[PDB]
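Have a look below at one chain only, the form deposited in one PDB entry, in structure tokens format.
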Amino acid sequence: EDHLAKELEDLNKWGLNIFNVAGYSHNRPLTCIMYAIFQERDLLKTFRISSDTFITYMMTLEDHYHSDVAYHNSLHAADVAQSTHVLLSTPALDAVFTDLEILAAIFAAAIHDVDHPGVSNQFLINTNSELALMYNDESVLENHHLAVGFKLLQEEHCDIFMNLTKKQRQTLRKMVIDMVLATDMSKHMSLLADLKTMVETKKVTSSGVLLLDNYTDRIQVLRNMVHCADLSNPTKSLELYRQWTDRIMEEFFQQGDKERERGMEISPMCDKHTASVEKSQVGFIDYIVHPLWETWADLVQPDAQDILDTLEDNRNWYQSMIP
């Protein structure tokens, strides 16, 4: 209440503590943070979105994240949305995006993992799940998250984009699909290679603000921004990062337990009897998170240097915990 307002004073900051907001919002972190973000950016006024309609959609959307899944629940979506909200304000990106693009990125972050079952795409493919049969083994979960999020927009009492232009709805939909499909980790290397090429040919105004010519360049940055937000856990304070690590390992180890039950091959990092939690985060940082953030930093330099410093410190802490 008074605690919630205090925590929300850091809405525009990387140090915002989403666990605290969840505790003071009746376990509706996604709904609460999305509402705070939309008010801060005047998006309700700009896109003539009624508050009742927005809350109804957000609450329904939130209720579609599974509370018994350790990591991929509404708290993660709320964290990715808030992080995206901060990245969109990076000084190097000042005024580069339209209001419609800003709206799509945050919307995309909110819905990006909805109805996640707590098991990976590969698990769904190997167990011949209905989801994998439906989506022909390609970005199974991610096509699913999009389908649910857009499906929920179909009822009049939930259509937050009702007052957008027809062309605006088409553009937003195209951008949102692009962004969520880009959160599929199997596309990470490809996304990173393309980000490195954009850094290579980076152009700016005299005042250090990126110049993004066509829709193509703008959406490539937005895709990558949402992907960094999704892989932002190790760039946050150690206290936050460790809670995030505890949650993903609980989810991964539960997957391993389901694999063992069924006589399947146990995915190595999902095997509770052998996997080092500490070693695994070091590898995650060295081979995936750092290379991505190093490249993001280059694109928006020097705005992300503090994030990179925190990342290195967190990496060394996990390393120091390994005997």
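Definition used throughout: the rigid core is the maximal C-alpha set that superposes within 1.5 Å between two forms. For every residue, the number given is its place in the sequence shown, counted from 1.
Omitted from view is the form deposited in another entry, to which the following refers.
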*asked:* Can you tell me which of these residues, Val69, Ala297, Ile55, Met269, is the one whose C-alpha shifts by at least 2 angstroms between this form and the one not shown after a rigid core fit?
replied: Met269
*Say whether the C-alpha atoms of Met269 and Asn126 sit closer together or farther apart in that other deposited form than in the form shown here, given that their separation changes by 3 Å or more.*
closer
*in that other deposited form, do the Cα atoms of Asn126 and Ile266 sit closer or farther apart than here, given a shift of 3 Å or more?*
closer
